[PDB]
$ cat coords_35.cif   # mmCIF, C-alpha atoms
data_model
loop_
_atom_site.label_atom_id
_atom_site.label_comp_id
_atom_site.auth_asym_id
_atom_site.auth_seq_id
_atom_site.Cartn_x
_atom_site.Cartn_y
_atom_site.Cartn_z
CA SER A 1 0.00 0.00 0.00
CA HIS A 2 3.00 2.25 0.65
CA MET A 3 1.15 5.12 2.33
CA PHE A 4 3.48 6.06 5.21
CA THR A 5 5.37 9.07 3.89
CA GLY A 6 8.65 10.79 4.66
CA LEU A 7 9.98 8.38 7.27
CA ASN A 8 13.63 8.44 8.23
CA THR A 9 15.32 5.64 10.18
CA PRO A 10 12.05 4.55 11.86
CA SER A 11 12.85 2.91 15.20
CA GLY A 12 9.74 1.09 16.40
CA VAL A 13 6.21 -0.03 15.58
CA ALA A 14 3.08 -0.92 17.59
CA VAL A 15 -0.40 -2.02 16.49
CA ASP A 16 -3.56 -1.44 18.52
CA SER A 17 -6.77 -3.46 18.79
CA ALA A 18 -8.34 -1.51 15.92
CA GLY A 19 -5.43 -2.38 13.62
CA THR A 20 -3.99 1.13 13.72
CA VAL A 21 -0.22 1.11 13.20
CA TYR A 22 2.03 3.47 15.18
CA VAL A 23 5.61 4.24 14.18
CA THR A 24 8.34 6.20 15.90
CA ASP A 25 9.77 8.23 13.04
CA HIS A 26 13.13 8.54 14.73
CA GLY A 27 14.92 10.64 12.11
CA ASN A 28 12.14 13.24 12.14
CA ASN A 29 11.40 13.48 15.87
CA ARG A 30 7.76 12.48 15.53
CA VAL A 31 5.30 9.63 15.91
CA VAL A 32 2.94 8.82 13.05
CA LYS A 33 -0.05 6.54 12.82
CA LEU A 34 -1.96 4.93 10.00
CA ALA A 35 -5.46 3.64 10.67
CA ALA A 36 -6.69 0.51 8.91
CA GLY A 37 -7.85 1.49 5.44
CA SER A 38 -6.42 5.02 5.63
CA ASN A 39 -4.24 6.43 2.84
CA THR A 40 -3.11 9.39 4.91
CA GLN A 41 -0.82 9.19 7.91
CA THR A 42 -1.45 11.27 11.02
CA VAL A 43 1.31 12.92 13.07
CA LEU A 44 0.42 12.49 16.75
CA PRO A 45 0.42 15.56 19.02
CA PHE A 46 3.46 14.49 21.00
CA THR A 47 5.68 17.45 21.81
CA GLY A 48 9.40 18.04 22.23
CA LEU A 49 10.56 14.62 21.01
CA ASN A 50 14.19 13.95 20.16
CA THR A 51 15.21 10.77 18.27
CA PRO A 52 12.34 8.65 19.68
CA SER A 53 13.47 5.01 19.88
CA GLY A 54 10.40 2.89 20.56
CA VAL A 55 6.66 2.74 21.00
CA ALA A 56 4.01 0.60 22.68
CA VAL A 57 0.23 0.76 22.80
CA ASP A 58 -1.91 -0.85 25.46
CA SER A 59 -5.42 -2.29 25.37
CA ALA A 60 -6.87 1.04 26.55
CA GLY A 61 -5.35 2.74 23.50
CA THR A 62 -2.64 4.63 25.37
CA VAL A 63 0.51 5.19 23.31
CA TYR A 64 3.87 5.10 25.10
CA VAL A 65 7.11 6.39 23.57
CA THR A 66 10.74 6.24 24.66
CA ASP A 67 12.01 9.73 23.94
CA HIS A 68 15.60 8.56 23.61
CA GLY A 69 17.27 11.92 22.99
CA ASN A 70 15.65 13.40 26.12
CA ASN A 71 16.14 10.39 28.43
CA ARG A 72 12.45 10.17 29.19
CA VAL A 73 9.24 8.30 28.48
CA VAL A 74 6.03 10.03 27.33
CA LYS A 75 2.48 8.81 26.83
CA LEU A 76 -0.69 9.86 25.09
CA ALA A 77 -4.15 8.60 26.03
CA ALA A 78 -6.58 7.61 23.28
CA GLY A 79 -8.39 10.70 22.03
CA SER A 80 -6.11 13.05 23.94
CA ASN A 81 -4.09 15.87 22.39
CA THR A 82 -1.94 16.34 25.48
CA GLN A 83 0.93 14.07 26.41
CA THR A 84 1.93 13.06 29.92
CA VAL A 85 5.63 12.92 30.71
CA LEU A 86 6.73 9.77 32.55
CA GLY B 1 20.84 -28.65 21.98
CA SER B 2 18.11 -26.74 20.17
CA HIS B 3 15.05 -24.49 20.60
CA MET B 4 17.51 -21.60 20.75
CA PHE B 5 17.88 -18.51 18.60
CA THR B 6 21.07 -18.80 16.56
CA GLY B 7 23.30 -16.39 14.71
CA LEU B 8 21.72 -13.20 16.04
CA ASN B 9 23.67 -10.01 15.37
CA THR B 10 22.77 -6.81 17.28
CA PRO B 11 19.09 -7.80 17.72
CA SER B 12 16.97 -4.65 17.83
CA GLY B 13 13.47 -5.62 18.92
CA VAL B 14 11.24 -8.40 20.21
CA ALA B 15 7.54 -9.17 20.22
CA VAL B 16 5.66 -12.10 21.74
CA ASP B 17 2.16 -13.34 20.95
CA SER B 18 -0.21 -15.06 23.37
CA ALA B 19 0.73 -18.48 21.95
CA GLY B 20 4.20 -17.70 23.30
CA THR B 21 5.89 -17.37 19.93
CA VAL B 22 8.86 -14.99 20.09
CA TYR B 23 9.68 -12.67 17.15
CA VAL B 24 13.03 -10.90 16.87
CA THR B 25 14.39 -8.30 14.47
CA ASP B 26 17.88 -9.57 13.78
CA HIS B 27 19.19 -6.16 12.82
CA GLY B 28 22.72 -7.15 11.75
CA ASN B 29 21.52 -9.92 9.49
CA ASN B 30 18.73 -7.95 7.78
CA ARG B 31 16.17 -10.53 8.84
CA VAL B 32 13.35 -11.34 11.20
CA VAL B 33 13.32 -14.62 13.08
CA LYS B 34 10.70 -16.39 15.16
CA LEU B 35 10.65 -19.33 17.52
CA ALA B 36 7.46 -21.07 18.62
CA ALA B 37 6.86 -23.39 21.54
CA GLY B 38 7.76 -26.90 20.49
CA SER B 39 9.95 -25.82 17.58
CA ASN B 40 13.57 -26.72 17.96
CA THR B 41 14.71 -24.60 14.99
CA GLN B 42 13.97 -20.91 14.40
CA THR B 43 12.17 -19.75 11.28
CA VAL B 44 13.45 -16.88 9.16
CA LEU B 45 10.33 -15.02 8.09
CA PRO B 46 10.17 -14.49 4.32
CA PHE B 47 10.33 -10.72 4.23
CA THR B 48 12.06 -9.23 1.20
CA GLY B 49 14.78 -6.60 0.83
CA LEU B 50 15.10 -5.73 4.52
CA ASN B 51 17.96 -3.61 5.76
CA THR B 52 18.82 -3.22 9.44
CA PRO B 53 15.29 -3.79 10.81
CA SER B 54 14.79 -1.88 14.07
CA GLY B 55 11.54 -3.13 15.59
CA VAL B 56 8.65 -5.55 15.35
CA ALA B 57 5.01 -5.89 16.39
CA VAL B 58 2.49 -8.70 16.00
CA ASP B 59 -1.29 -8.19 15.92
CA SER B 60 -4.02 -10.57 17.12
CA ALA B 61 -4.19 -12.28 13.73
CA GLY B 62 -0.49 -13.12 13.78
CA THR B 63 0.47 -10.52 11.20
CA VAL B 64 4.05 -9.36 11.72
CA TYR B 65 4.94 -5.67 11.34
CA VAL B 66 8.52 -4.51 11.00
CA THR B 67 10.21 -1.12 10.88
CA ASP B 68 12.61 -1.62 7.99
CA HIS B 69 14.91 1.03 9.36
CA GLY B 70 17.53 0.97 6.61
CA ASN B 71 14.84 1.47 3.98
CA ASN B 72 12.81 4.16 5.78
CA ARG B 73 9.64 2.09 5.66
CA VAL B 74 7.32 -0.25 7.52
CA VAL B 75 6.42 -3.69 6.15
CA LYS B 76 4.04 -6.42 7.23
CA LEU B 77 3.69 -10.12 6.61
CA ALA B 78 0.56 -12.15 7.33
CA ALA B 79 1.02 -15.49 9.06
CA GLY B 80 2.43 -18.02 6.58
CA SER B 81 2.48 -15.54 3.70
CA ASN B 82 5.59 -15.17 1.57
CA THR B 83 4.62 -11.84 0.06
CA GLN B 84 5.02 -8.81 2.27
CA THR B 85 3.01 -5.60 2.07
CA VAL B 86 4.72 -2.22 2.36
CA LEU B 87 2.66 0.09 4.61
CA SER C 1 5.90 12.20 40.73
CA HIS C 2 4.92 9.25 38.54
CA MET C 3 7.95 8.93 36.29
CA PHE C 4 11.03 6.93 35.39
CA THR C 5 14.24 8.38 36.82
CA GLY C 6 17.90 8.20 35.85
CA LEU C 7 17.30 6.93 32.31
CA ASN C 8 20.00 7.16 29.68
CA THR C 9 19.27 6.75 25.95
CA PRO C 10 16.24 4.52 26.66
CA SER C 11 15.65 2.17 23.74
CA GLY C 12 12.27 0.50 24.12
CA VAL C 13 9.04 0.30 26.06
CA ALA C 14 6.38 -2.30 26.85
CA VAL C 15 3.15 -2.22 28.87
CA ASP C 16 0.80 -4.75 30.47
CA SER C 17 -2.94 -4.83 31.24
CA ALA C 18 -2.37 -3.66 34.82
CA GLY C 19 -0.75 -0.46 33.55
CA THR C 20 2.80 -1.36 34.48
CA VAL C 21 5.34 0.15 32.08
CA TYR C 22 8.67 -1.51 31.26
CA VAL C 23 11.68 0.24 29.74
CA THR C 24 15.04 -0.92 28.42
CA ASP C 25 17.39 1.65 29.93
CA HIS C 26 19.99 1.14 27.21
CA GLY C 27 22.65 3.53 28.52
CA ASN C 28 22.65 1.96 31.98
CA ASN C 29 22.49 -1.71 30.95
CA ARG C 30 19.25 -2.34 32.84
CA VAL C 31 15.53 -2.87 32.56
CA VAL C 32 13.22 -0.86 34.80
CA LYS C 33 9.50 -0.98 35.43
CA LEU C 34 7.22 1.72 36.83
CA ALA C 35 4.22 0.89 39.00
CA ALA C 36 0.85 2.03 37.66
CA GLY C 37 -0.23 3.32 41.05
CA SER C 38 2.79 4.87 42.75
CA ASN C 39 6.15 6.60 42.38
CA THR C 40 8.07 3.32 42.53
CA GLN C 41 10.49 2.12 39.87
CA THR C 42 11.86 -1.42 40.06
CA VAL C 43 15.10 -2.69 38.52
CA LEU C 44 14.50 -6.18 37.15
CA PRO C 45 17.15 -8.75 38.15
CA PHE C 46 18.50 -9.57 34.70
CA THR C 47 22.17 -10.58 34.52
CA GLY C 48 24.97 -9.17 32.36
CA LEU C 49 22.84 -6.97 30.11
CA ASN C 50 24.77 -4.87 27.62
CA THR C 51 23.06 -1.91 25.87
CA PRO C 52 19.61 -3.59 25.69
CA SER C 53 17.61 -2.51 22.67
CA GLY C 54 14.02 -3.63 23.19
CA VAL C 55 11.46 -5.21 25.48
CA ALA C 56 8.16 -7.14 25.37
CA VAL C 57 5.84 -8.48 28.06
CA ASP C 58 3.43 -11.35 27.44
CA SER C 59 0.07 -12.23 29.00
CA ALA C 60 1.76 -14.26 31.74
CA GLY C 61 3.92 -11.28 32.71
CA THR C 62 7.15 -12.73 31.37
CA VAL C 63 9.53 -9.95 30.32
CA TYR C 64 11.58 -10.43 27.13
CA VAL C 65 14.63 -8.36 26.26
CA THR C 66 16.83 -8.04 23.20
CA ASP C 67 20.26 -7.82 24.79
CA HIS C 68 21.80 -5.98 21.84
CA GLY C 69 25.36 -5.83 23.16
CA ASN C 70 25.45 -9.59 23.75
CA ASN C 71 23.72 -10.71 20.55
CA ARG C 72 21.06 -12.56 22.51
CA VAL C 73 17.49 -12.50 23.76
CA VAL C 74 16.73 -13.15 27.43
CA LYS C 75 13.52 -13.52 29.43
CA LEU C 76 12.45 -13.25 33.02
CA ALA C 77 9.25 -14.85 34.29
CA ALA C 78 7.11 -12.89 36.74
CA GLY C 79 8.41 -13.58 40.24
CA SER C 80 11.63 -15.19 39.01
CA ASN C 81 15.10 -13.86 39.83
CA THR C 82 16.78 -16.02 37.20
CA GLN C 83 16.76 -15.10 33.52
CA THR C 84 16.61 -17.65 30.72
CA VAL C 85 18.55 -17.12 27.49
CA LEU C 86 16.47 -17.81 24.42
#
$ encode --input "coords_35.cif" --output "structure tokens"
Amino acid sequence: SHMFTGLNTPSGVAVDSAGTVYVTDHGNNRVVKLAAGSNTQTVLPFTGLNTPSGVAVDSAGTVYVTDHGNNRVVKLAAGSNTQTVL
Amino acid sequence: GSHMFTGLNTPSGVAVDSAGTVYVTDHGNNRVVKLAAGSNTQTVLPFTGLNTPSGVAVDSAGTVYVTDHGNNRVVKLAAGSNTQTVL
Amino acid sequence: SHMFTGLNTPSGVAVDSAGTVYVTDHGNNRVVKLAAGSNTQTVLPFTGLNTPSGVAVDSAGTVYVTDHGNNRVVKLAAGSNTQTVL
């Protein structure tokens, strides 16, 4: 399908219960998702990322990211636009 | 003895499904390997053209997703399929 | 506060149904987990880790780690103090 766009050295991938795929776009300091059937990726409203290294999603839809370049972990609840720093 | 991963080079990621099958991105060897309960030899999954894969996920249907880091892309492979899809 | 502390170039993250978060603390050769409910981080008793690159946790609570610097994968069952090399 080839619809993710503009990735550089992507570092991790997670897939949630709805089949949405999440990718840490390491080389571009962002996290992108692609819903099942979608032809347009969405950049998640994480903020201040630096070379993110990995991602997980739990069964409640919360997305967790290791923000490698900032020595921290951040998370984003499903339907939230505002990250929590862990 | 067997039921061991062999030949791994700078492995980058791991995923496990509820059947207990372990999936590993063998970064240095441009390949993805898995090992199921009761299998004494690992399987190299038939992805194509990988370079330095960085991470892996597996969904409920057993489809394997890989960040093909060296090629700036994500690919997936359904269980038992030999033809990957680029995402 | 509810956060990981003392991380260095963290490489990967996993999460379980109870809300526990697990991180490969790559720069410090360790794996740490953070309690869902409190400000408690626990160092898992893996042995000889070297720049670990990734982590997974299964339904039984077994923690799996790609031990990047040692070209191996190791696991630790919930409640065990003894890792198994895969």
$ closest_residue --input "coords_35.cif" --among "C:62, C:17, C:51, C:83" --to "chain A" --atoms "only C-alpha atoms"
C:17
$ closest_atom_pairs --input "coords_35.cif" --of "stretch 1-80 of chain C" --to "stretch 21-36 of chain A" --cutoff "12 Å" --atoms "only C-alpha atoms" --output "CSV"
residue,atom,partner,partner_atom,distance
C:11,CA,A:26,CA,11.3
C:12,CA,A:24,CA,10.7
C:13,CA,A:24,CA,11.8
$ residues_around --input "coords_35.cif" --residues "residue C:4" --least-positions-apart "4" --cutoff "8 Å" --atoms "only C-alpha atoms" --output "PyMOL selection string"
(chain A and resi 72-73+86) or (chain C and resi 34+41)
$ resolve_selection --input "coords_35.cif" --expression "the PyMOL selection byres ((chain A) within 6 of (chain B))" --output "number ranges by chain"
A: 1-3, 7-12, 14
$ resolve_selection --input "coords_35.cif" --expression "the PyMOL selection byres ((chain A) within 6 of (chain C))" --output "VMD selection string"
chain A and resid 53 to 54 56 66 68 71 86
$ build_atoms --input "coords_35.cif" --residues "stretch 49-63 of chain B" --atoms "N, CA and C atoms" --output "PDB file, in the frame of the given file"
ATOM      1  N   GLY B  49      14.055  -7.851   0.979  1.00  0.00           N
ATOM      2  CA  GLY B  49      14.780  -6.600   0.830  1.00  0.00           C
ATOM      3  C   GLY B  49      14.952  -5.797   2.111  1.00  0.00           C
ATOM      4  N   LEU B  50      14.909  -6.455   3.268  1.00  0.00           N
ATOM      5  CA  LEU B  50      15.100  -5.730   4.520  1.00  0.00           C
ATOM      6  C   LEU B  50      16.522  -5.220   4.660  1.00  0.00           C
ATOM      7  N   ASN B  51      16.662  -4.080   5.324  1.00  0.00           N
ATOM      8  CA  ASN B  51      17.960  -3.610   5.760  1.00  0.00           C
ATOM      9  C   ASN B  51      17.853  -3.083   7.174  1.00  0.00           C
ATOM     10  N   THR B  52      18.742  -3.582   8.029  1.00  0.00           N
ATOM     11  CA  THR B  52      18.820  -3.220   9.440  1.00  0.00           C
ATOM     12  C   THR B  52      17.476  -2.958  10.133  1.00  0.00           C
ATOM     13  N   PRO B  53      16.591  -3.962  10.154  1.00  0.00           N
ATOM     14  CA  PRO B  53      15.290  -3.790  10.810  1.00  0.00           C
ATOM     15  C   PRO B  53      15.439  -3.417  12.295  1.00  0.00           C
ATOM     16  N   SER B  54      14.600  -2.498  12.764  1.00  0.00           N
ATOM     17  CA  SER B  54      14.790  -1.880  14.070  1.00  0.00           C
ATOM     18  C   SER B  54      13.755  -2.304  15.109  1.00  0.00           C
ATOM     19  N   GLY B  55      12.613  -2.820  14.668  1.00  0.00           N
ATOM     20  CA  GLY B  55      11.540  -3.130  15.590  1.00  0.00           C
ATOM     21  C   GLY B  55      10.475  -3.997  14.969  1.00  0.00           C
ATOM     22  N   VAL B  56       9.646  -4.597  15.816  1.00  0.00           N
ATOM     23  CA  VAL B  56       8.650  -5.550  15.350  1.00  0.00           C
ATOM     24  C   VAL B  56       7.428  -5.506  16.248  1.00  0.00           C
ATOM     25  N   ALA B  57       6.263  -5.735  15.652  1.00  0.00           N
ATOM     26  CA  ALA B  57       5.010  -5.890  16.390  1.00  0.00           C
ATOM     27  C   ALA B  57       4.222  -7.015  15.751  1.00  0.00           C
ATOM     28  N   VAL B  58       3.343  -7.640  16.523  1.00  0.00           N
ATOM     29  CA  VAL B  58       2.490  -8.700  16.000  1.00  0.00           C
ATOM     30  C   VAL B  58       1.052  -8.454  16.461  1.00  0.00           C
ATOM     31  N   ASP B  59       0.100  -8.427  15.528  1.00  0.00           N
ATOM     32  CA  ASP B  59      -1.290  -8.190  15.920  1.00  0.00           C
ATOM     33  C   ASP B  59      -1.999  -9.508  16.274  1.00  0.00           C
ATOM     34  N   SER B  60      -3.279  -9.415  16.611  1.00  0.00           N
ATOM     35  CA  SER B  60      -4.020 -10.570  17.120  1.00  0.00           C
ATOM     36  C   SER B  60      -4.135 -11.678  16.079  1.00  0.00           C
ATOM     37  N   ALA B  61      -4.051 -11.313  14.805  1.00  0.00           N
ATOM     38  CA  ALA B  61      -4.190 -12.280  13.730  1.00  0.00           C
ATOM     39  C   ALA B  61      -2.855 -12.912  13.338  1.00  0.00           C
ATOM     40  N   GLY B  62      -1.795 -12.551  14.049  1.00  0.00           N
ATOM     41  CA  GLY B  62      -0.490 -13.120  13.780  1.00  0.00           C
ATOM     42  C   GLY B  62       0.277 -12.425  12.671  1.00  0.00           C
ATOM     43  N   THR B  63      -0.229 -11.280  12.224  1.00  0.00           N
ATOM     44  CA  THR B  63       0.470 -10.520  11.200  1.00  0.00           C
ATOM     45  C   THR B  63       1.641  -9.788  11.836  1.00  0.00           C
TER      46      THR B  63
END
